[PDB]
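*Asks:* Pasting the sequence and an experimental structure:
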Amino acid sequence: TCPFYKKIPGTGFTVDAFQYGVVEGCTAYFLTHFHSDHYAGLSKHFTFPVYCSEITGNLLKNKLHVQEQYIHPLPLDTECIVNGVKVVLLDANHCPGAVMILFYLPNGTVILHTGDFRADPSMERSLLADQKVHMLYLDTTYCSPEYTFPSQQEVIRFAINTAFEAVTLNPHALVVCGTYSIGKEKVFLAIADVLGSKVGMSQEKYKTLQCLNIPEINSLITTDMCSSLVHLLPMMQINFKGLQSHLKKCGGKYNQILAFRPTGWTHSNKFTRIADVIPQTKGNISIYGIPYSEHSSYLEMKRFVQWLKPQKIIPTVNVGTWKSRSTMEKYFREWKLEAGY
Ligand code: NI
């Protein structure tokens, strides 16, 4: 049944709750972003109001065929009224179109639901600075001190320098980047920009990117693989067998692959700096696992929460085991005693 951490008290609303059938008493279903564990359940047969960003609404219409009459896109950073309740959508710094949702309950309680997010100090200067938040529904994906990772900027500098050096040493090398969802577009787009190429991809993936309002996108992507030396493939195909097979398909245009897998975290982060990352190599194929995250590190999460000073935290991730729940609650208490709220 629908878990409590998906329901907004004092309203008829749910967040990211499309796989439970008709949730009894729900008048408005919000969707924070277009990732499958969150939209699971939506289709052209859904007939209740969906509230979301413009970009998420484009993806609902074009990829899932949800009918337009049930899609209610909202502008960001703007006070809107939904079924009698004031709400605001804020940028979550996750994937394109991903939002956090502020709810102003009729009784005076203010609730922030982060959806999935990568906390950032810029958020301390949004509409969040303007009133107190009582209850925080928090993306706790990486809520343990072992999870450190570099800035997105550091990771993209590493990827651009590596790709440019490889292709300038060997003009017959192909660059391949893995994907299985929206998000992390800066990885492949930055590499294509330094090489003077478009990114080549499947018709399905091209359609997805064309829903994202990214400026000048017609100038950066293409379905013509032959004209491109940066190819996007499914993440599953980013292994030696999959890559050797792809190289066969290019008809001797290329003699080497350099491949990137933008993972979240991997335990090479508890030891290794970004400067010190090395690939797995077999023959003329090299694979680089790079720690490009669209979720908060532990320290980013901790800073955001100690700034916001909520009265109550409701985790939304890692909630399925008692040891994970109890560990997170211990961190929340440490943070509150350190900061004095
Ligand atoms: Ni997500």
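*Replies:* That came through fine. Numbers count the residues shown, from 1 in each chain.
*Asks:* Tell me if I'm right that residue 123 and residue 90 touch.
*Replies:* Yes - Residue 123 is in contact with residue 90 according to CB atoms under 8 Å; the separation is 7.4 Å. For the C-beta atoms, the positions are set from N, CA and C on the backbone; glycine is no exception.
*Asks:* So for the two, which sits in the more crowded spot?
*Replies:* Neighbours per residue (other CB atoms under 10 Å) separate residue 123 from residue 90, with residue 123 holding more: 22 against 19.
*Asks:* Now do the more buried one against the ion, distance only.
*Replies:* Per CB to the ion, to the nearest Å, residue 123 is found 17 Å from the ion.
*Asks:* Pull the contacting residues for that residue.
*Replies:* 90, 93, 304 (CB atoms under 8 Å, 6 or more residues apart in numbering).
*Asks:* what's the answer for residue 288, then?
*Replies:* The neighbourhood of residue 288, defined by CB under 8 Å, 6+ apart, consists of 159, 162, 258, 259, 260, 261, 277, 279.
*Asks:* In helices, which of those fall?
*Replies:* Secondary structure from DSSP state H places 159, 162 of those in helices.
*Asks:* Identify each buried residue in the host helix or strand of residue 187, please.
*Replies:* If you go by DSSP states H and E, residue 187 is part of helix 185-195. Across helix 185-195, burial judged by 16 or more other CB atoms under 10 Å covers 185, 186, 187, 188, 189, 190, 191, 192, 193, 195.
*Asks:* starting at the chain centroid, how far to stretch 236-252?
*Replies:* 27 Å (CA atoms, centre = their mean, to the nearest Å).
*Asks:* wait, residue 261 sits on residue 290?
*Replies:* Yes - the criterion here is CB under 8 Å, and residue 261 meets it with residue 290 at 7.2 Å.
*Asks:* neighbours of the residue in the stretch 201-341 of the chain positioned nearest to the ion, just the number please.
*Replies:* Per CB to the ion, residue 294 is where the stretch 201-341 of the chain lies closest to the ion, at 7.0 Å. A count of nearby residues for residue 294, using other CB under 10 Å, gives 22.
*Asks:* same deal with residue 285?
*Replies:* Using other CB under 10 Å, residue 285 has 21 neighbouring residues.
*Asks:* Name the residues that touch the helix holding residue 187?
*Replies:* Residues from elsewhere that reach helix 185-195 (CB under 8 Å, 6+ apart): 96, 152, 156, 159-160, 163-164, 167, 175, 177, 179, 198-199, 209, 212, 214, 220, 228-230, 232, 260, 262, 290, 292.
*Asks:* Show the buried residues in those.
*Replies:* So, by 16+ other CB under 10 Å, the buried ones in the contacts of helix 185-195 are 96, 152, 156, 159-160, 163, 167, 175, 177, 179, 198-199, 209, 212, 220, 228-230, 232, 260, 262, 290, 292.
*Asks:* Please flag which of those sit within strands.
*Replies:* If you go by DSSP state E, the buried ones among the contacts of helix 185-195 have 175, 177, 179, 199, 230, 232, 260, 262, 290 in strands.
*Asks:* between the contacts of residue 288, which is closest to residue 242?
*Replies:* For those, the closest approach to residue 242 (CB to CB) belongs to residue 259, at 9.2 Å.
*Asks:* nearest residue to that closest one other than its sequence neighbours?
*Replies:* Nearest residue to residue 259, sequence neighbours excluded (CB to CB, 6 or more residues apart in numbering): residue 176, at 4.3 Å.
*Asks:* likewise residue 175?
*Replies:* Closest residue to residue 175 apart from its sequence neighbours, by CB to CB, 6+ apart: residue 230 at 4.8 Å.
*Asks:* Report the contact partners of residue 60.
*Replies:* By CB under 8 Å, 6+ apart, residue 60 lies in contact with 31, 34, 39, 42, 50, 52, 66, 71.
*Asks:* so how far is the first residue of stretch 261-280 from its last?
*Replies:* Counting by CA to CA, to the nearest Å, you get 11 Å between the two ends of stretch 261-280.
*Asks:* whoops, stretch 278-295 was the one
*Replies:* 23 Å.
*Asks:* So which bits of the stretch 1-150 of the chain are right by the ion?
*Replies:* Within the stretch 1-150 of the chain, the residues that sit near the ion (CB under 5 Å from the ion) are 35, 116.
*Asks:* Okay, buried residues for the helix or strand hosting residue 325 please.
*Replies:* Assigned by DSSP H and E, residue 325 belongs to helix 322-339. Within helix 322-339, the residues that count as buried by 16+ other CB under 10 Å are 324, 328, 331, 332, 335, 336.
*Asks:* Between the contacts of residue 288, which sits nearest residue 319?
*Replies:* Proximity of these to residue 319 (CB to CB) peaks at residue 261, which lies at 27.6 Å.
*Asks:* If that closest one is in a bridge, with which residues?
*Replies:* For residue 261, the beta-bridge partners are residue 289 (DSSP bridges).
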